[PDB]
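J.: below is the sequence, then the experimental coordinates.
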Amino acid sequence: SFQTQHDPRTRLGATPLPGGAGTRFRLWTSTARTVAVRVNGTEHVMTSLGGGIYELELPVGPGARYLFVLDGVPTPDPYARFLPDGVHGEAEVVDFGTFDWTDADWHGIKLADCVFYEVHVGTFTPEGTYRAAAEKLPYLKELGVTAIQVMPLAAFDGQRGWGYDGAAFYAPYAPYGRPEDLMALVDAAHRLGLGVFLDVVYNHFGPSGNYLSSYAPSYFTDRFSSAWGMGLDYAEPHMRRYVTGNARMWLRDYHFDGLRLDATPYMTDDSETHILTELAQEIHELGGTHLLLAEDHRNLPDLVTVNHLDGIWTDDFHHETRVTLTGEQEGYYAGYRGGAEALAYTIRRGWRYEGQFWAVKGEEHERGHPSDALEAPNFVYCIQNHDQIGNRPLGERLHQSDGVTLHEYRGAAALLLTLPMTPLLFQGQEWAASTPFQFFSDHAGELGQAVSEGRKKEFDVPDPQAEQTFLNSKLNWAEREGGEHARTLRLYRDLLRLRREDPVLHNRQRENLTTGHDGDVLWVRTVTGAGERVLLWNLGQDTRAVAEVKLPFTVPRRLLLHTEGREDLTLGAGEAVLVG
Ligand SMILES: OC[C@H]1O[C@H](O[C@H]2O[C@H](CO)[C@@H](O)[C@H](O)[C@H]2O)[C@H](O)[C@@H](O)[C@@H]1O
Ligand SMILES: OC[C@H]1O[C@H](O[C@H]2O[C@H](CO)[C@@H](O)[C@H](O)[C@H]2O)[C@H](O)[C@@H](O)[C@@H]1O
Ligand SMILES: OC[C@H]1O[C@@H](O)[C@H](O)[C@@H](O)[C@@H]1O
Ligand SMILES: OC[C@H]1O[C@H](O)[C@H](O)[C@@H](O)[C@@H]1O
Ligand SMILES: [Mg+2]
């Protein structure tokens with residue numbers, strides 16, 4: 001009996017009318033005294049319906065250009081479906097009915113079947129567009145990933161950016177391509193049997209191009225703030241519907257299989273039904289198999305069990321892994337010892353912090369909750385993602401950090417890709433890419449200068465505003481064909497094939513997973529009705545024979561995969577083996 005709050009009849013923004021009758025324009029304003037739409041350069045006064053709702057139907061169709069005029073001020077449409085001249089410009093009318101989808105036989109992807117591959121459209125290819133990205137889909141299918149995780153596409157200011165400065169949430173960022181180019185990308189992925197997920201940012205708007213307050217200051221609250229402005233007021237139903245409307249667009253209109261909600265701890269809502277719960281209700285009302293994941297550092301199972309999200313990006317695994325390999329202790333890395341025993345524990349518990357004191361200076365509190373309710377697929381694990389690379393001063397990747405060997409990097413991949421938790425890989429990870437992933441932006445004027453200054457002060461640090469910082473983050477595809485890059489790629493392929501094919505590795509139950517250690521050797525054991533597998537990872541500096549590792553069970557004898565392709569059951573420093 002949940003009824004969506006959304007009706008195409010009353011949708012805010014510009015919506016094509018049936019019967020070729022044109023377009024219905026709608027907006028909500030709490031403060032404007034005069035309200036007009038400017039279409040293709042001509043102003044038309046809009047009809048006042050009450051409740052600050054304004055509407056007008058005109059015989060213009062898809063492709064018409066418009067913005068609204070509030071008390072005589074031309075103002076971009078926050079509900080714009082496309083912004084061909086960027087976030088300060090006219091919107092284009094978009095008709096979602098005209099694209100010829102060929103993915104009728106695609107029915108989404110279950111979380112337990114996902115191996116995510118995180119893509120930044122601007123850097124994934126030289127062109128930095130959906131059309132160029134689509135040409136890499138067969139490579140990704142053959143690689144063995146099953147779901148692309150696309151960084152945010154909401155329009156933001158400037159000619160490149162990560163996506164976290166999105167301001168017009170309904171408008172795919174024009175430099176990447178037109179709406180139909182995005183549809184072509186999703187349709188192509190589906191035809192290859194790959195899922196496509198989108199990163200969406202419902203905790204804040206970027207600093208440039210967000211005009212919602214021009215319509216109604218009450219979209220936002222002074223009670224709390226975001227990084228860029230006033231906090232998003234989830235007590236206000238129009239603010240709720242701005243994001244639930246947006247979620248439904250991406251899923252229904254662009255055929256995304258799921259969404260990754262950025263920084264859910266900062267979606268503040270004291271309503272009876274939390275906005276996260278209402279998001280789940282709204283997307284499920286679509287009657288598909290769409291998934292919602294949360295990026296959430298609180299180690300809070302209620303995200304799944306109460307808000308009915310599907311899973312959670314859980315960084316304790318990533319952090320424990322990095323500290324294991326580097327010994328670093330700056331910032332939140334101080335929360336972790338690292339090492340075989342620490343990793344065994346963190347895997348056993350899903351996440352490490354289940355209520356214990358987090359002693360990180362400046363952040364001290366009792367962090368997290370018991371993980372018992374969560375099942376293996378509910379945890380999303382990685383050893384690399386945009387933040388864990390990009391929030392480093394030089395944006396270097398794990399194998400590029402001081403004191404990490406390629407052998408260790410390959411061992412880390414084996415651990416990640418054999419665990420029943422849902423893995424995520426960052427673009428280029430699979431071939432040990434030579435290129436960093438640095439923080440880049442392209443804001444205008446004083447704001448641009450403030451970002452450059454901000455980055456310098458926070459930590460030579462590459463200037464985020466420099467074109468070179470963007471270009472230095474571009475993938476170099478040719479390099480994967482040779483040397484250590486090719487070796488790493490072969491291993492990733494072998495791991496992903498084993499994940500797919502191995503009947504024991506099909507396990508998705510924490511009940512069947514056990515872990516432990518002998519000195520600096522980590523072991524991870526899976527036992528199902530199909531058999532037994534053990535992953536051993538030598539995190540020490542010396543060589544260890546599998547036969548001499550003390551285990552509370554008899555080690556399986558058959559060598560299924562060795563991270564350095566060795567014939568015998570011996571582990572060099574940093575190496576791993578899967579036995580069965
Ligand atoms: O404060 C938020 C929630 O805390 C508890 O929920 C967590 O802790 C429980 C055991 O302490 C677990 O059973 C549960 O899976 C966790 O999410 C509390 O039980 C909830 O009602 C609170 O909302
Ligand atoms: O070598 C001095 C440091 O020893 C420990 O850290 C190392 O050993 C950990 C396993 O116990 C690894 O995770 C870590 O990468 C190593 O640096 C100790 O924890 C540190 O506090 C010492 O500085
Ligand atoms: O993983 C825990 C960390 O997550 C970060 O994203 C939080 O903002 C930071 O405060 C915390 O130390
Ligand atoms: O601005 C007048 C009213 O406009 C809309 O109804 C908002 O949903 C409501 O919260 C507000 O009180
Ligand atoms: Mg020992």
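T.: Done, it's in. Numbers count the residues shown, from 1 in each chain. Ligands and ions are numbered 1, 2, ... in the order given.

J.: from here on, contacts and neighbour counts on C-alpha atoms
T.: OK.

J.: on the three-state scheme, whatever residue of the stretch 301-450 of the chain ends up closest to ligand 4 is what?
T.: Here the stretch 301-450 of the chain gets closest to ligand 4 at one residue, residue 307, 22.9 Å apart by C-alpha to the nearest ligand atom. Secondary structure, DSSP: H, G, I helix; E, B strand; the rest coil: residue 307 is coil.

J.: need the contact list for it.
T.: 274, 276-277, 280 (C-alpha atoms under 8 Å, 6 or more residues apart in numbering).

J.: against residue 201, how distant is it?
T.: Separation of residue 307 from residue 201 (C-alpha to C-alpha, to the nearest Å) stands at 17 Å.

J.: quick one on the thing from earlier: buried subset of the contacts of residue 307?
T.: 274, 276-277, 280 (16 or more other C-alpha atoms under 10 Å).

J.: so which of these belong to helices?
T.: 276-277, 280 (DSSP state H).

J.: give the buried residues for the longest helix seen in the chain.
T.: Identified as the longest helix of the chain according to DSSP H is helix 483-501. Judged by neighbour count using 16+ other C-alpha under 10 Å, the buried positions of helix 483-501 are 485-499.

J.: quick check: the two most widely separated of those?
T.: 485 and 499 (21.1 Å; C-alpha to C-alpha).

J.: for residue 388, state which of the ones in helices among the buried ones among the contacts of residue 307 is nearest.
T.: residue 276 (25.0 Å).

J.: helices along the stretch 151-300 of the chain, start to end?
T.: Ranges of helices in the stretch 151-300 of the chain, per DSSP state H, counting those that start in this stretch, are 179-191, 212-215, 237-248, 275-285.

J.: between these, which gets nearest to residue 429?
T.: helix 179-191 (20.1 Å).

J.: chain center to that closest one: distance?
T.: Remark: helix 179-191 is offset 18 Å from the chain centroid, using C-alpha atoms, centre = their mean, to the nearest Å.

J.: who's in contact with that helix?
T.: Counting by C-alpha under 8 Å, 6+ apart, 82, 99, 101-103, 106, 130-131, 133-134, 137, 172, 195-196, 254-256 sit against helix 179-191.

J.: before we move on, what about stretch 202-209?
T.: By C-alpha under 8 Å, 6+ apart, stretch 202-209 touches 87-88, 156-157, 164-168, 226-229, 231-232, 243, 261-264, 266-268, 443.

J.: can I get it as PDB, trimmed to CA atoms?
T.: Provided in PDB are the C-alpha atoms of stretch 202-209 (Å, rounded to 0.1, in the frame of the first residue of the first chain):
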ATOM      1  CA  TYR A 202      22.000  13.300  -1.900                       C
ATOM      2  CA  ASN A 203      23.800  15.000   0.900                       C
ATOM      3  CA  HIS A 204      24.900  18.100  -0.800                       C
ATOM      4  CA  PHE A 205      24.800  20.300  -4.000                       C
ATOM      5  CA  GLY A 206      27.900  21.700  -5.600                       C
ATOM      6  CA  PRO A 207      28.900  25.300  -5.000                       C
ATOM      7  CA  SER A 208      28.100  26.500  -8.600                       C
ATOM      8  CA  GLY A 209      24.900  26.000 -10.500                       C
END
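
J.: generate a PyMOL selection restricted to the buried subset of the contacts of stretch 202-209.
T.: Entered in PyMOL, the line below selects the buried ones among the contacts of stretch 202-209, by 16+ other C-alpha under 10 Å:
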select buried, resi 87+88+156+157+164+165+166+167+168+226+231+232+243+261+262+263+264+266+267+268+443
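
J.: so which of the contacts of stretch 202-209 are also by ligand 4?
T.: Among the contacts of stretch 202-209, none lies close to ligand 4 by the criterion of C-alpha under 6 Å from any ligand atom.
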